[PDB]
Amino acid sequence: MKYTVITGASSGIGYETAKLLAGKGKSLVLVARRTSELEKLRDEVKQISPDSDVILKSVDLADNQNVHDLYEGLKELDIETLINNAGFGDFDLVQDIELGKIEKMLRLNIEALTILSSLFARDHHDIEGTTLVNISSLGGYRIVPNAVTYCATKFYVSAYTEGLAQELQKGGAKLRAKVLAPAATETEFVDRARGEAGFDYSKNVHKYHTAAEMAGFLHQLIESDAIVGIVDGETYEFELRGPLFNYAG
């Protein structure tokens, strides 16, 4: 009846978020390219919550028109939450990057996120109980060597979302906007970012959250009054906080 839209639902944080919210009886619109994985997730959602309605959207969100079309197709649904989670990364020096991939990364991590945020805001700003959650990274607040382009995309996500969140608050909007900033999380991110499958976090990363743990944090952020949900890089504690960037409003 009321729906949560999750982009990048087919694996990782998005997948676990779907499973967690199914635990709360929510209906879901699950968006990704991998139809097969979406269908697997759907089965798992329905096992957790038989009365959850699930809508699958097999869509490449790296195309701006595809994003517009996606949103237009939801017009007959009551969306209470929209989660802009689809995204990927890259490891390489700038002088070494493949522009096809980096261009796509800009279209996905920045453009698709801006298009859906904008369209959601346009027709949810005055609707009670609505929430926009954009997924940045701790890398959207502090730069990581060998990941400059990706970090920059997340600085965009962080600044955009903090700006939007404060615009809505100050303008008396009913819509709330939030930003999740994970650190290391065990998903397919490293595999896609290095361009080779089967990275093992247990044998390569000293500190990381599971995707299930990150989904829990995401849920805590939604239910909170805080704008920012960020993992501390030193302690790996999850912190609900106010905007981190300077704001001239």
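A residue's number is simply how far along the shown sequence it sits, counting from 1.
- For the pair 141 to 149 and 68 to 76, the mean B factor over Cα atoms is greater in 68 to 76.
- 26 to 34 and 198 to 206 differ in mean CA B-factor, and the higher of the two is recorded for 198 to 206.
- The PDB entry assigns its highest CA temperature factor, among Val190, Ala181, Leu61, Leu218, to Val190.
- In the deposited coordinates, the residue among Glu103, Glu128, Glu162, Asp90 with the greatest CA B-factor is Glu128.
- In the deposited entry, the Cα temperature factor of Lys170 sits in the top third of values across the chain's modelled residues.
- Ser11: CA B factor lies in the middle third for its chain, per the PDB record.
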